[PDB]
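Encoded as structure tokens, the following chain is the form solved without the named molecule, with no partner shown.
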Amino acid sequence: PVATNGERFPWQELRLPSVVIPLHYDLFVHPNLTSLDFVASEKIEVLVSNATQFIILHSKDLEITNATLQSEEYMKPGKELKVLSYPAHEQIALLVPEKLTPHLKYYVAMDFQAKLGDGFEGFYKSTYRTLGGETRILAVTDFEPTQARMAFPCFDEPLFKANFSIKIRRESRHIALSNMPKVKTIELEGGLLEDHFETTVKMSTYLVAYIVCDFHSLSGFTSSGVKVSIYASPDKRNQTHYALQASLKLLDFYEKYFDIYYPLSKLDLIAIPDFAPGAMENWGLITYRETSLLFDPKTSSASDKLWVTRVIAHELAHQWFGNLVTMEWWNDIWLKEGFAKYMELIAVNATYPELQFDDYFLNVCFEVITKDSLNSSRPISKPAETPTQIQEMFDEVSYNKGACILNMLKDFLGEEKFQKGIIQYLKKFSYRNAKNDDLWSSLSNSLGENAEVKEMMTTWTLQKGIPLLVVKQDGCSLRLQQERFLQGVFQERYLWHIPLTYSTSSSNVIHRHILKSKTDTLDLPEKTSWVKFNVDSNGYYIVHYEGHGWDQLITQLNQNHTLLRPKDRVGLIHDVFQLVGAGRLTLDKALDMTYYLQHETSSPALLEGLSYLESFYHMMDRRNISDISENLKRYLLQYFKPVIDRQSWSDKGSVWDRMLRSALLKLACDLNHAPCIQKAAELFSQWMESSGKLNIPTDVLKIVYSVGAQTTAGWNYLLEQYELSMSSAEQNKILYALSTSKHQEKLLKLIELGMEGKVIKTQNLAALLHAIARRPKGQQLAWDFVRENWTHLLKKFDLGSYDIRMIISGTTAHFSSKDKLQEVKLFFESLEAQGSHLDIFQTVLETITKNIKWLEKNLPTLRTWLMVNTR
């Protein structure tokens, strides 16, 4: 069953056969950054197991021109092979003239060439702007999951590990980096230089990497002698300082924490200009977006600092979770991505406790629950096959839900027993691969009535959705049922092994009960006012207090809120508003709970609460529901006047202090509070008049620019300043500010530039569209554009890239009318070209219907509740 030139093709599965295992790759690459193409050769030391007529391996968009097979027994230098190509599985078959012999080592050699990548995949070209306005080319790799094969032919599944010796030829004006450090640089006849790189460790193909560029570094050494260097564009070297400092502290932490040294002499962190993902964990050569790594204190803010620290810690943790211990197959991608996200917490809490990152980790878990509460959610670990359905595994479920469900398990086993379990996991499967079950046996065993942790996690990993815990308190006995939590019912299948954590009014001691059933009972050792299940919200479930249970907790908040823990509070605020969407509580209960927030000073809770009230304002503003929006404006500005007026247009104070400032000054300026608009307007006007000279504090930088962008003069100068900027973070904030214009031609212009890709890089287009679509003046525009340019979009990105998923989601999911639901339905059916299908078509439809339902069921309550206040 087969093509191309002619005949049958030996192997039919899209997975490779087990029979021939690579041990080592010699790989020579000769890129040309004027021609924008490359020539290359490799030699794959392979080991046969079963006898065979055909070697099979991956290759894509590669012209193969010579293919020889040598041996050491057998047939010494050396015989030629025939190449069959089968693009539909991205495979090529090497036909041999002789049934190869078991247990012997051969050498597969091919010459191959291709144009440098045109997109964000395989070995591609990126560009950057010099301070002088020069444009400069570099070449870079991104192979995850399956684009190693676009750069050199190989056994491109992450189970087929091997050693890699890379050689790279280059002009004198460039450097070459790769996974390993550079052993030597030999000069050649014609003036060109060639760099030789230490042979790698055993590793998967998706992590192999190499770059050619004219970047400058800053370097440092960890206590363990590792040479960390931070590579970036030449005129951006000042911005590499924080990343160096942090990575140093972080690698020290990770080394000790895991009790496993980082194996390589060096670890490079490079800031690539055209970079689709946030970062990529390429062993010893970690590639990052400039916003994931660079930092300029004149222009990056607290949040940016927190983000850069977070991604650095994420990618450094990958060096152990992923690279050192790789998953067997892409179905279990979370073992890498989830653990890496979890370790951000542990590592950043340890190295940078001033950042208060653990309060922010709750945020990330809650934002998961929001998407995980629909029918069309999926498990963190489900099977995967085709080139599309592997790319579908890359999102936030396999990632954040992963990290939260791990964070739960830390709490249930304690930091010390959890740590010891992953130390053994890492050591037991070092330089090797591991399944889901291999992790659980490692965490249970660390005699003997059993931790049977497998059973507990089978239900959190391989099963969809999230539990709701309902509790009734009749005097001194507690009723406990569990249900699947959905966002529209009145579920017939599911059941979790959910550890529980309750506290009471009587004492603040944490008692623990587990559970492995639909129903259960537990009596408390006291009569008491309230119970609060899920302490600090370290579990990944939602609590509903049926009977008077909710009302007690709200009267507790209004009386003396500090008798609940500050994380206990954010949990309750969250849960209440979600249960309104569930139809288990009524909106007035939720809105009444927001009264205490004029006394709340824990910014976690205060920001959470405000986010719901701001969320409602924006729902109302996008629909033209003026009477409610104008009331909700007025409520937010009068209630919360004290805390708004207490805010300095400054960079002063803690991290949460600075984030609260940015939030509240944004809210005030988004709701047209004349004092905040006039201050912002002054700061911008002084700035533009001085021509970049004055300094807007970084925490009000978005606010000042966005207000400034309402005048035509300001918008045009901001777009100009965008192109000249040397901070990708300032640029980010400028792009937001530009996308808050009311002028339709201006919003379109931004989209057109983002298509064009020269001034506003294409990597920013999805976020840009979503920025526009969020607002009432651009929600239609953005929608029209995405439909009318679907073909035009799908040249620039493949579906289902993260980029395409966020273009669909970001232009549609905020809709909340029956009309627009139909428009989206229509458009989604229309895409039964190859288009249909993606999982995100369903989840958008369910998201829009959720908004339809929420409005019909709760809007008149929101209207009256606001009118009750005004009296």
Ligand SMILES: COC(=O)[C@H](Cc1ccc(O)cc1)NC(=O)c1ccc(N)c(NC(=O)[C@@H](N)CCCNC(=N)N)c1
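Think of the rigid core as the biggest set of C-alphas that the two forms share within 1.5 Å after superposition. Don't overthink the numbering: it's just position in the shown sequence, from 1.
Quick note: we don't show the form deposited with the named molecule bound, though the next part is all about it.
Open or blocked, once the named molecule is placed by superposing site C-alphas in the bound PDB entry (3+ ligand atoms within 2.4 Å of backbone or C-beta means blocked): Answer blocked: 3 or more ligand atoms come within 2.4 Å of backbone or C-beta.
Residue (of 451, 75, 276, 582) lying close to the named molecule in the bound PDB entry, criterion heavy atoms within 4.5 Å: Filtering the options by heavy-atom distance leaves 276.
Heavy atom within 4.5 Å of the named molecule in the bound PDB entry - the one residue of 394, 429, 595, 649 that qualifies: Checked against the cut-off, the match is 394.
Partner proximity in the bound PDB entry: residue 372 to the named molecule, non-hydrogen atom cutoff 4.5 Å: No, residue 372 sits far enough from the named molecule in the bound PDB entry that none of its heavy atoms falls within 4.5 Å.
is_contact(residue 251, the named molecule) in the bound PDB entry, heavy atom dist at most 4.5 Å: Outside the cut-off, so no.
4.5 Å heavy atom contact, residue 315 and the named molecule in the bound PDB entry: Output for residue 315 is yes: heavy atoms within 4.5 Å of the named molecule.
Contact label in the bound PDB entry: residue 337 to the named molecule, heavy atom within 4.5 Å: Residue 337: contacts the named molecule in the bound PDB entry.
Which of 276-284, 606-614, 501-509, 781-789 sits within 4.5 Å of the named molecule in the bound PDB entry, heavy atom basis: Stretch with heavy atoms near the partner: 276-284.
Full three-residue contact with the named molecule in the bound PDB entry, heavy atom 4.5 Å, for 144, 289 and 341: Yes.
Any residue of 293-311 that, in the bound PDB entry, places a heavy atom within 4.5 Å of the named molecule: Sequence-ordered list: 307, 311.
Option from 49, 66, 834, 822 moving between this form and the one not shown, CA shift at or above 2 Å, rigid core reference: Result of the comparison: 834.
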